[PDB]
**Student:** 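Dumping the structure here so I can ask a few things about it.
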There are 6 protein chains.
Amino acid sequence: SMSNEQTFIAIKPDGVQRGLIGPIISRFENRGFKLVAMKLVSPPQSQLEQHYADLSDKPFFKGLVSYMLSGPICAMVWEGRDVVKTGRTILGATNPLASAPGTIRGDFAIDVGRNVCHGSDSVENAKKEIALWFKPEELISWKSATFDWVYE
Amino acid sequence: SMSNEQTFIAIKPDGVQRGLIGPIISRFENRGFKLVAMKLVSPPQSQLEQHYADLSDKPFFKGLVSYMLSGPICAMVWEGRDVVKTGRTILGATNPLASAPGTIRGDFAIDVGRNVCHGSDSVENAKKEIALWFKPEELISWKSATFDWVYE
Amino acid sequence: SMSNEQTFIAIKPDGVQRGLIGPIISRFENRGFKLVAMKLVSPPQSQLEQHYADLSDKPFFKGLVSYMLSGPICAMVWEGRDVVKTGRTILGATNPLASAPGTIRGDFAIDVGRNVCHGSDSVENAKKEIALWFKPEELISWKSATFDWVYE
Amino acid sequence: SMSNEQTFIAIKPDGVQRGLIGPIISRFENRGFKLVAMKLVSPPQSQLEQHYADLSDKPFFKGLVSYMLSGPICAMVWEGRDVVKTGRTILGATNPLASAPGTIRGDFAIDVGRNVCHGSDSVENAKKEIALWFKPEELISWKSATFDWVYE
Amino acid sequence: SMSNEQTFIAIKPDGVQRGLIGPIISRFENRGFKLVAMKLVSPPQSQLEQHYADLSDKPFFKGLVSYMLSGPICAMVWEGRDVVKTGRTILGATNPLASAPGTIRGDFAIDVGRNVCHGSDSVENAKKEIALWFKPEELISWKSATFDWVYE
Amino acid sequence: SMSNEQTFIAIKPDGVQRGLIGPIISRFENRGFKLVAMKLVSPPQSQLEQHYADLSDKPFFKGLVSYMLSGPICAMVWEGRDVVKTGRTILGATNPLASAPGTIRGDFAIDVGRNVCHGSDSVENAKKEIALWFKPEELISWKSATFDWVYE
Ligand SMILES: Nc1ncnc2c1ncn2[C@@H]1O[C@H](COP(=O)(O)OP(=O)(O)O)[C@@H](O)[C@H]1O
Ligand SMILES: Nc1ncnc2c1ncn2[C@@H]1O[C@H](COP(=O)(O)OP(=O)(O)O)[C@@H](O)[C@H]1O
Ligand SMILES: Nc1ncnc2c1ncn2[C@@H]1O[C@H](COP(=O)(O)OP(=O)(O)O)[C@@H](O)[C@H]1O
Ligand SMILES: Nc1ncnc2c1ncn2[C@@H]1O[C@H](COP(=O)(O)OP(=O)(O)O)[C@@H](O)[C@H]1O
Ligand SMILES: Nc1ncnc2c1ncn2[C@@H]1O[C@H](COP(=O)(O)OP(=O)(O)O)[C@@H](O)[C@H]1O
Ligand SMILES: Nc1ncnc2c1ncn2[C@@H]1O[C@H](COP(=O)(O)OP(=O)(O)O)[C@@H](O)[C@H]1O
């Protein structure tokens, strides 16, 4: 689609505690995507329950929210062509037992409840998650010096 | 299912000769598995033949045994949930021709007779290999400081 | 001194454009320091002139401010024992021509006007830079799961 | 099947511009393949048109040749068993959207027109591409010290 | 001066706990030194007190032995020309505050009591430490395939 | 001073044999220097003797020449401000015993007769070595997409 597509990527509290902030950012950075927003944050419980509002009936919802509250979160917005779908491919399968080596979860995660990172699963959910986690002023506008070498 | 499942991972003499001990250990270390036993050994021929007992009448058996005798072996025991199956996924296909990049054999190996590493193919074979290569006191009991961040 | 000492580290616009956000964060992360605040920001010219207010009489001041405005900045606050002095050691000499390999500038920078990163040179300047760049609510409070293994 | 098979790998101008010469070479070097020829060249227009002669009727042909002329190319010849097929697997799918993480394009590329690298798709085309890009005297004959550890 | 010199390198419990076994081994492996013995052990109290016998009058002696007992240790014997002196340089200064980036402690450690690794400080002390931590049968004799390329 | 200063960097046969082409290129590539010429060559004895002409009556001259003939050499020309002096700093001390970790020889070499790489010691010697190893048309003229972010 368009090279200005954006997605929401968040390093979960287990990824921060295990020192994976650098490696995870390098995966998207080396792929050619543009970081337009990033901040370390500890959101309230109500925001995390809204982020996972589609899973409010799951049995693991209560444990998921409390685990997302157990530490800081590195919330990011990455911009690039097909960055939503490609971003999920970089993260790996939701259950890292089903993820392939070379992906984030395939290299670092074991339990589905401790899968290190989060990524938007659709363009519409990406826009809803970006507006939920970031203010419009936190989206930084700039052009990469190698844009014409990453994109045709 | 059980987070205390154990598998036997061994760096074959070609992996030792090519300076791959560090990177191979980092594959399991960065994934979140616990190293409970490790030693550099040059095991006798009988132990290696007992290790590959199910392949005694294979055409490549004699060559496999002498090649496993041609250099030191880094024998390891890794502990973690589904470490047996996931460990095999980390190693890649037995023939690195069929292995995917991002795995150990997919990044370092070419020939099936020089596939760099070994991994237990099942839980029962893992217990038999662990008892064959390691004495019980050589398995170290300890608790990882990030156990609760790797497992839910 | 105290293990709660904080310093201000910022990835300059040249470091962001060249894709060094991941590697730089990994230097402090692998050393054992705790990231307590981080955000991607494009500060106004007045804030950057206050950040370098001690150099308002330098001939390179006008070019320094405009260069700091040419792209986004990854502003960070790292916490750890002697993190101010050790942080400068990790960055390297101000002129990367005088920096040693293994440091950030020793591995990535050439020109002093394009030295990729910034670091506070004293505890007092660190407190002034932290309050200048970050709001008090952006400092996230948490304890690393390996704190007792990094510190005695 | 034979260990003396050769393929032509070429780092495209976008790969050179984005500082990927080192990492791409390490992918084949760490796998066990032998570098027998390499040079940084800026070939004439007629050479690139012959390289993609089978795509002369494609609508993107003129733009492909023009973009391949816009910068230097790191032309290489790698030798090893099944190096053509395995080399293609290391590069990843032609469209980086379909490429897997762990491959070259899966880690570094996004656009099909900016897939940073090229590899021969067959042994016949490899010989034709090697004869087109290299003089026979530029292929260096040597024996790797770890040959007997890579191959059985 | 002789290439058969041996030193004792030991990854301390904090190094094991922080997932640094792989990276530390790669430091010596990539330099050209040969691993002739390695094991993951949890030594008794009397062995650690003999290891630091020269520091029995230090005030931090009791705490040092207790902390060295609090987790597993990766005991290693590396062989190479001037491996004792060069090994100390690779580890870095005893106090990580004085260590340089690029060394093990300069990249991973902060506290003197948590410097993640140990190395023999002399050839005489290396022989004493090797005889204390390893049985003679645990030192594997082999010839590196790149020996004639590491040494003249 | 001049950003178009050029130096001659060559990977010696031991560096090629030990699979160090990728990492060595990344040292100069990540620092921000521009690769303008590169080729894998097996130069004749006379060229190598002319390269080390100032050492003709040294005791190690004959051994140095035959060792430089024993394998392929990756000859390169790198361009950048103070690339000659900084390039030598990246390589480390001639005797890797005296070299610091973080440099090429400090991370990969042990013996002075096997110090992996070569670098021009002065600007005038660089011009003489570049003309000795490379034809003028083999030097590629191009502009890095991040030139204005590496240099002020
Ligand atoms: N069975 C489970 N047990 C515990 N946690 C789970 C389970 N399934 C999903 N989760 C957690 O809930 C989050 C939401 O998962 P979901 O949105 O369905 O997939 P994804 O987050 O990969 O798009 C996941 O990131 C995962 O950490
Ligand atoms: N056709 C073959 N030729 C040579 N060696 C082989 C062949 N098949 C298997 N081997 C070697 O024998 C070992 C045992 O193979 P097997 O146990 O069947 O696969 P895995 O090691 O993946 O469990 C392999 O690691 C491989 O190195
Ligand atoms: N001579 C110079 N020319 C251009 N820019 C300079 C020069 N000296 C310093 N700078 C820039 O001004 C910034 C402030 O430098 P200074 O505060 O003196 O050292 P540091 O920032 O390393 O503590 C530096 O980060 C550098 O990028
Ligand atoms: N639809 C397209 N649009 C733009 N460029 C393309 C397209 N398809 C292929 N190319 C370019 O043409 C080159 C030749 O493609 P092809 O030979 O079919 O794939 P491969 O290079 O993987 O063998 C590719 O490397 C790619 O950069
Ligand atoms: N002042 C101190 N406080 C706490 N621990 C110390 C102190 N000095 C040394 N140690 C510990 O004792 C060990 C032995 O120190 P020493 O042998 O003098 O240095 P090295 O281990 O570099 O040879 C060190 O590894 C260090 O962990
Ligand atoms: N004493 C020695 N013994 C063996 N080889 C040596 C010795 N001194 C130098 N050499 C080799 O000769 C080459 C030329 O040395 P020299 O030019 O003086 O240092 P540099 O290569 O750092 O400029 C070195 O790269 C080294 O490999």
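Both counts, for ligands and for their atoms, begin at 1 and track the order of listing. Chain naming here is simple, since letters A, B, ... match the order of the sequence lines and numbering starts at 1 in each.
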**Student:** Of the choices A:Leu55, A:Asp54, A:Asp14, which has the non-hydrogen atom that lies closest to atom 18 (O) of ligand 1?
**Tutor:**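 Comparing heavy atoms across A:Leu55, A:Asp54, A:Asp14, the nearest one to atom 18 (O) of ligand 1 lies in A:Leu55.
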**Student:** Decide whether an N or O pair under 3.5 Å exists between A:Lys12 and ligand 1.
**Tutor:** yes
**Student:** If only atom types and distance count, is the side chain of E:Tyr151 paired as donor or acceptor with the main-chain N or O of E:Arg81 below 3.5 Å?
**Tutor:**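 Yes; at least one donor-acceptor contact below 3.5 Å.
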**Student:** If you count the atoms of ligand 2 from 1 in the order shown, which ones are under 4.0 Å from a heavy atom of D:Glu152?
**Tutor:**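 It comes down to these atoms of ligand 2: 4 (C).
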**Student:** Applying a strict 4.0 Å limit to heavy atoms, is A:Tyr52 in contact with ligand 1?
**Tutor:**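 Yes; A:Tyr52 lies near enough to ligand 1 that a heavy-atom distance drops under 4.0 Å.
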**Student:** Would you give the length of the straight line joining atom CD1 of F:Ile73 to atom CE of F:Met68, rounded to the nearest 0.5 angstrom?
**Tutor:** 4.0 Å
**Student:** Pairs of nitrogen or oxygen atoms closer than 3.5 Å, one from A:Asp121 and one from ligand 1: do any exist?
**Tutor:** no
**Student:** Regarding atom 26 (C) of ligand 6: of the candidates F:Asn95, F:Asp111, F:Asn115, which has the closest heavy atom?
**Tutor:** F:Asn115
**Student:** B:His51 vs B:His118 aromatic rings, parallel, tilted or perpendicular, using cut-offs 30° and 60°?
**Tutor:** perpendicular
**Student:** Tell me: protein heavy atom nearest atom 19 (O) of ligand 1, and distance?
**Tutor:**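 Checked against all protein heavy atoms, atom 19 (O) of ligand 1 sits closest to A:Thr94 OG1, 3.2 Å.
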**Student:** Hey, does the side chain of A:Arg88 reach the backbone of A:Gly119 with a donor-acceptor pair shorter than 3.5 angstrom?
**Tutor:**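 Yes, A:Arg88 side chain to A:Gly119 backbone: donor-acceptor pair under 3.5 Å.
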**Student:** Regarding ligand 6, does F:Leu64 bring an N or O atom to under 3.5 Å of one of the ligand's N or O atoms?
**Tutor:** no
**Student:** Using a 4.0 Å cut-off to any heavy atom of A:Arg105, which atoms of ligand 1 qualify?
**Tutor:** 22 (O)
**Student:** What distance do B:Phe108 atom CZ and B:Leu20 atom CG have between them, rounded to the nearest 0.5 Å?
**Tutor:** 5.5 Å
**Student:** Identify the closest protein heavy atom to atom 5 (N) of ligand 6: which residue and atom is it, and at what distance?
**Tutor:** F:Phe60 CD1, 3.6 Å
**Student:** Parallel, tilted or perpendicular, judged at 30° and 60°: which one describes the rings of A:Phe28 and A:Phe33?
**Tutor:** tilted
**Student:** In this structure, does ligand 2 have an atom that sits under 4.0 Å from one of the heavy atoms of B:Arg88?
**Tutor:**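 True for this residue.
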**Student:** Do any N/O atoms on B:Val112 end up under 3.5 angstrom from N/O atoms on ligand 2?
**Tutor:** yes
